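Chemist: One structure follows; several queries about it will come next.
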Amino acid sequence: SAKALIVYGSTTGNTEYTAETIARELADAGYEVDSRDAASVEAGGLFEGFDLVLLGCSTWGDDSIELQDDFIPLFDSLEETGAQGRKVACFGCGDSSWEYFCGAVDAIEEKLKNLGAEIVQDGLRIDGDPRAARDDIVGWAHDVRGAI
Ligand SMILES: Cc1cc2nc3c(=O)[nH]c(=O)nc-3n(C[C@H](O)[C@H](O)[C@H](O)COP(=O)(O)O)c2cc1C
């Protein structure tokens, strides 16, 4: 039950760093972790064979909530990923200057629920430089593991 997939959409590297930090935590605990940039993936069957899936995505939009561009195709085809009955958790970087702080995380969680996923922990929301939140990131990964 030890295969974890992490897929991240990141433009300035913050959610990517967050993904790398989570990946190390899971690997140290005994998971086999496959980490992929969303730009490199196709949605159809993306979750097949994974016991745990973690989705990371930063939040954008001039005057609306928009997902990071590389993640949008995955979100638009999320119903083809194999999410039904899948244990999933979400994370993302943002900036609390914006009212909808890490709003991409909400959008992804809400769709995953409709699609039959089991959300194993509330999404991780990181404000500003994620290296300043390293302890929170590692703690969230630990908490995700404990809720499996
Ligand atoms: C036009 C623009 C819109 C943004 N909108 C939001 C937002 O609605 N909510 C939020 O939390 N952060 C928002 N951000 C902040 C980014 O998500 C933040 O820079 C984040 O660190 C980027 O993470 P990444 O490097 O993983 O892509 C916005 C940034 C820009 C430039």
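Residues are named by chain letter and number: chains run A, B, ... in the order of the structure tokens, numbers start at 1 in each chain, and ligands are numbered from 1 in the order shown.
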Can I get the residues close to ligand 1 as number ranges by chain, where close means within 8 Å and we count only C-alpha atoms and all ligand atoms?
Modeler: A: 9-17, 57-66, 68, 92-104, 126-130
Chemist: I need the chosen residues saved as an mmCIF file, in the first residue's frame, with C-alpha atoms.
Modeler:
data_model
loop_
_atom_site.group_PDB
_atom_site.id
_atom_site.type_symbol
_atom_site.label_atom_id
_atom_site.label_comp_id
_atom_site.auth_asym_id
_atom_site.auth_seq_id
_atom_site.Cartn_x
_atom_site.Cartn_y
_atom_site.Cartn_z
ATOM 1 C CA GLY A 9 1.408 22.955 -10.679
ATOM 2 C CA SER A 10 3.901 25.700 -9.825
ATOM 3 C CA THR A 11 5.069 28.821 -11.716
ATOM 4 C CA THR A 12 7.566 30.454 -9.342
ATOM 5 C CA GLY A 13 8.687 27.182 -7.695
ATOM 6 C CA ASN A 14 6.923 27.544 -4.340
ATOM 7 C CA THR A 15 4.475 24.676 -4.734
ATOM 8 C CA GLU A 16 7.290 22.652 -6.334
ATOM 9 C CA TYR A 17 9.467 23.145 -3.238
ATOM 10 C CA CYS A 57 -1.491 23.895 -7.122
ATOM 11 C CA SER A 58 -0.855 27.632 -6.721
ATOM 12 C CA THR A 59 -3.631 30.201 -7.130
ATOM 13 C CA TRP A 60 -3.802 32.952 -9.762
ATOM 14 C CA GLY A 61 -6.315 35.178 -11.556
ATOM 15 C CA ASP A 62 -6.530 38.931 -12.163
ATOM 16 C CA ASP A 63 -10.011 39.234 -10.608
ATOM 17 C CA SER A 64 -11.171 35.611 -10.294
ATOM 18 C CA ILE A 65 -9.852 32.351 -8.817
ATOM 19 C CA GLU A 66 -7.753 30.619 -11.476
ATOM 20 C CA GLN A 68 -1.967 27.419 -12.141
ATOM 21 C CA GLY A 92 -0.832 24.819 -2.534
ATOM 22 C CA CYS A 93 1.022 28.084 -2.221
ATOM 23 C CA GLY A 94 -0.576 31.490 -2.289
ATOM 24 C CA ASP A 95 -0.423 34.920 -0.701
ATOM 25 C CA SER A 96 -2.768 36.134 2.033
ATOM 26 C CA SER A 97 -2.879 39.566 0.413
ATOM 27 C CA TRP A 98 -5.588 37.872 -1.670
ATOM 28 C CA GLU A 99 -8.992 37.322 -0.124
ATOM 29 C CA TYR A 100 -9.361 33.856 -1.645
ATOM 30 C CA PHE A 101 -6.191 32.602 -0.016
ATOM 31 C CA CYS A 102 -5.044 29.424 -1.801
ATOM 32 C CA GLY A 103 -8.472 29.296 -3.486
ATOM 33 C CA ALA A 104 -7.203 26.740 -6.011
ATOM 34 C CA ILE A 126 1.166 28.126 2.413
ATOM 35 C CA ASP A 127 1.539 31.932 2.570
ATOM 36 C CA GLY A 128 4.674 33.479 1.093
ATOM 37 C CA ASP A 129 8.032 31.716 1.005
ATOM 38 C CA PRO A 130 7.382 28.009 1.691
#
Chemist: As a compact mmCIF listing (two decimals) with N, CA and C atoms, in the first residue's frame, which residues of chain A does DSSP assign to helix (DSSP H, G or I)?
Modeler:
# COMPACT_ATOMS: atom_id res chain seq x y z
N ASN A 14 7.26 27.68 -5.76
CA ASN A 14 6.92 27.54 -4.34
C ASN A 14 6.19 26.23 -4.06
N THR A 15 5.18 25.92 -4.89
CA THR A 15 4.47 24.68 -4.73
C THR A 15 5.37 23.50 -5.11
N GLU A 16 6.31 23.70 -6.02
CA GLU A 16 7.29 22.65 -6.33
C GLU A 16 8.16 22.34 -5.12
N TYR A 17 8.69 23.37 -4.46
CA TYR A 17 9.47 23.15 -3.24
C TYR A 17 8.62 22.42 -2.21
N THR A 18 7.35 22.82 -2.09
CA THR A 18 6.46 22.20 -1.13
C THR A 18 6.29 20.73 -1.46
N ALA A 19 6.13 20.41 -2.75
CA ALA A 19 6.02 19.03 -3.20
C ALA A 19 7.27 18.23 -2.86
N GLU A 20 8.45 18.82 -3.05
CA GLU A 20 9.70 18.12 -2.78
C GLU A 20 9.83 17.82 -1.30
N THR A 21 9.38 18.75 -0.46
CA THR A 21 9.44 18.58 0.98
C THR A 21 8.50 17.47 1.43
N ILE A 22 7.27 17.46 0.89
CA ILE A 22 6.33 16.38 1.19
C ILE A 22 6.89 15.05 0.72
N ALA A 23 7.46 15.02 -0.48
CA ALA A 23 7.95 13.76 -1.04
C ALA A 23 9.00 13.14 -0.12
N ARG A 24 9.94 13.96 0.37
CA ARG A 24 10.96 13.45 1.26
C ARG A 24 10.36 12.88 2.55
N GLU A 25 9.36 13.56 3.11
CA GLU A 25 8.72 13.08 4.32
C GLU A 25 8.07 11.72 4.09
N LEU A 26 7.35 11.56 2.98
CA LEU A 26 6.69 10.30 2.72
C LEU A 26 7.70 9.20 2.45
N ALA A 27 8.74 9.51 1.68
CA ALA A 27 9.75 8.51 1.37
C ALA A 27 10.47 8.05 2.63
N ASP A 28 10.78 8.97 3.52
CA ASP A 28 11.45 8.58 4.76
C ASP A 28 10.58 7.63 5.58
N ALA A 38 2.84 18.88 -13.08
CA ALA A 38 1.61 18.80 -13.87
C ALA A 38 1.82 19.09 -15.35
N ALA A 39 2.82 19.90 -15.70
CA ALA A 39 3.05 20.17 -17.11
C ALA A 39 3.37 18.90 -17.88
N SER A 40 3.85 17.87 -17.21
CA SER A 40 4.34 16.65 -17.84
C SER A 40 3.32 15.52 -17.89
N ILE A 72 -4.52 23.29 -15.00
CA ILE A 72 -5.87 23.43 -15.54
C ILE A 72 -6.32 22.22 -16.35
N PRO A 73 -5.51 21.67 -17.28
CA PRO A 73 -5.99 20.50 -18.04
C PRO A 73 -6.28 19.31 -17.15
N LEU A 74 -5.48 19.09 -16.10
CA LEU A 74 -5.75 18.02 -15.16
C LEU A 74 -7.08 18.25 -14.46
N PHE A 75 -7.31 19.48 -13.98
CA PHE A 75 -8.58 19.79 -13.33
C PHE A 75 -9.76 19.60 -14.29
N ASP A 76 -9.60 20.05 -15.53
CA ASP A 76 -10.70 19.97 -16.49
C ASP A 76 -11.07 18.53 -16.82
N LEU A 78 -10.48 15.93 -14.53
CA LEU A 78 -10.25 15.23 -13.27
C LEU A 78 -11.13 14.00 -13.16
N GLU A 79 -12.27 13.99 -13.84
CA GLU A 79 -13.16 12.83 -13.82
C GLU A 79 -12.57 11.61 -14.53
N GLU A 80 -11.47 11.75 -15.25
CA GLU A 80 -10.85 10.62 -15.93
C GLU A 80 -9.63 10.09 -15.20
N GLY A 103 -7.17 29.72 -2.99
CA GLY A 103 -8.47 29.30 -3.49
C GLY A 103 -8.42 28.15 -4.48
N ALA A 104 -7.28 27.92 -5.14
CA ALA A 104 -7.20 26.74 -6.01
C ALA A 104 -7.38 25.46 -5.21
N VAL A 105 -6.90 25.43 -3.96
CA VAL A 105 -7.03 24.24 -3.14
C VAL A 105 -8.50 23.93 -2.92
N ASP A 106 -9.31 24.96 -2.62
CA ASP A 106 -10.75 24.74 -2.46
C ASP A 106 -11.38 24.18 -3.72
N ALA A 107 -11.03 24.75 -4.87
CA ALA A 107 -11.65 24.31 -6.12
C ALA A 107 -11.34 22.84 -6.40
N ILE A 108 -10.10 22.44 -6.16
CA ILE A 108 -9.70 21.06 -6.41
C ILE A 108 -10.35 20.11 -5.42
N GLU A 109 -10.34 20.47 -4.14
CA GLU A 109 -11.00 19.63 -3.15
C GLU A 109 -12.48 19.44 -3.45
N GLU A 110 -13.17 20.51 -3.82
CA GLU A 110 -14.61 20.39 -4.00
C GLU A 110 -14.92 19.48 -5.19
N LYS A 111 -14.12 19.55 -6.26
CA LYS A 111 -14.33 18.68 -7.40
C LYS A 111 -13.99 17.23 -7.05
N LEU A 112 -12.89 17.02 -6.33
CA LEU A 112 -12.50 15.69 -5.94
C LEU A 112 -13.61 15.03 -5.14
N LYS A 113 -14.24 15.78 -4.23
CA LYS A 113 -15.34 15.21 -3.46
C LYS A 113 -16.47 14.75 -4.38
N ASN A 114 -16.88 15.58 -5.33
CA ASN A 114 -17.94 15.16 -6.24
C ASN A 114 -17.54 13.89 -6.97
N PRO A 130 7.67 29.27 1.00
CA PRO A 130 7.38 28.01 1.69
C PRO A 130 8.52 27.50 2.54
N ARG A 131 9.76 27.94 2.30
CA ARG A 131 10.83 27.54 3.20
C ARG A 131 10.58 28.05 4.61
N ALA A 132 9.86 29.18 4.74
CA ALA A 132 9.49 29.70 6.07
C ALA A 132 8.37 28.88 6.71
N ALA A 133 7.80 27.91 5.98
CA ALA A 133 6.74 27.05 6.49
C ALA A 133 7.15 25.58 6.48
N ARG A 134 8.45 25.30 6.44
CA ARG A 134 8.92 23.93 6.27
C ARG A 134 8.35 23.02 7.35
N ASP A 135 8.33 23.48 8.60
CA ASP A 135 7.81 22.64 9.68
C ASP A 135 6.34 22.33 9.48
N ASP A 136 5.56 23.31 9.04
CA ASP A 136 4.14 23.07 8.74
C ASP A 136 3.97 22.06 7.61
N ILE A 137 4.84 22.12 6.60
CA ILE A 137 4.73 21.21 5.47
C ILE A 137 5.01 19.77 5.92
N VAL A 138 6.09 19.59 6.67
CA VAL A 138 6.47 18.26 7.14
C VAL A 138 5.40 17.73 8.08
N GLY A 139 4.88 18.59 8.96
CA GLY A 139 3.80 18.19 9.85
C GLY A 139 2.55 17.76 9.11
N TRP A 140 2.19 18.49 8.06
CA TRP A 140 1.02 18.11 7.28
C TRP A 140 1.22 16.76 6.61
N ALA A 141 2.41 16.51 6.06
CA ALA A 141 2.68 15.21 5.46
C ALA A 141 2.54 14.10 6.49
N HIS A 142 3.08 14.33 7.70
CA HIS A 142 2.95 13.36 8.79
C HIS A 142 1.47 13.12 9.11
N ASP A 143 0.68 14.18 9.15
CA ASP A 143 -0.74 14.07 9.47
C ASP A 143 -1.51 13.33 8.39
N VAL A 144 -1.20 13.61 7.11
CA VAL A 144 -1.79 12.85 6.01
C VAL A 144 -1.51 11.38 6.20
N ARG A 145 -0.26 11.02 6.45
CA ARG A 145 0.05 9.61 6.64
C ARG A 145 -0.74 9.00 7.78
N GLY A 146 -0.90 9.72 8.87
CA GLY A 146 -1.61 9.17 10.01
C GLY A 146 -3.11 9.03 9.81
Chemist: Quick check, in Å to one decimal: how far apart do atom CA of residue 44 of chain A and atom CA of residue 5 of chain A lie?
Modeler: 14.5 Å
Chemist: Within 12 Å of residue 41 of chain A, counting only C-alpha atoms, which residues qualify if same-chain residues fewer than 4 places away don't, as an NGL selection string?
Modeler: :A and (5-9 or 34-37 or 45-47 or 70-75 or 77 or 81)
Chemist: To one decimal place, how far is atom CA of residue 116 of chain A from atom CA of residue 86 of chain A in Å?
Modeler: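 We find that atom CA of residue 116 of chain A and atom CA of residue 86 of chain A lie 7.6 Å from each other.
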Chemist: My list of candidates is A:147, A:124, A:52, A:117. Which is closest to residue 83 of chain A when distances are computed with only C-alpha atoms?
Modeler: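 Result for the nearest residue to residue 83 of chain A: A:117.
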Chemist: From a DSSP calculation on the backbone, collect every residue of chain A in strand (DSSP E or B) and output the set as number ranges by chain.
Modeler: A: 3-9, 32-37, 52-57, 59-60, 66-67, 87-94, 118-119, 124-127
Chemist: Measuring between only C-alpha atoms, which one of A:67, A:31, A:1, A:56 shows the shortest distance to residue 125 of chain A?
Modeler: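 Ranked by minimum distance to residue 125 of chain A, first place goes to A:56.
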Chemist: Pick the closest to residue 54 of chain A from A:42, A:90, A:84, A:29: which is it, counting only C-alpha atoms?
Modeler: A:90
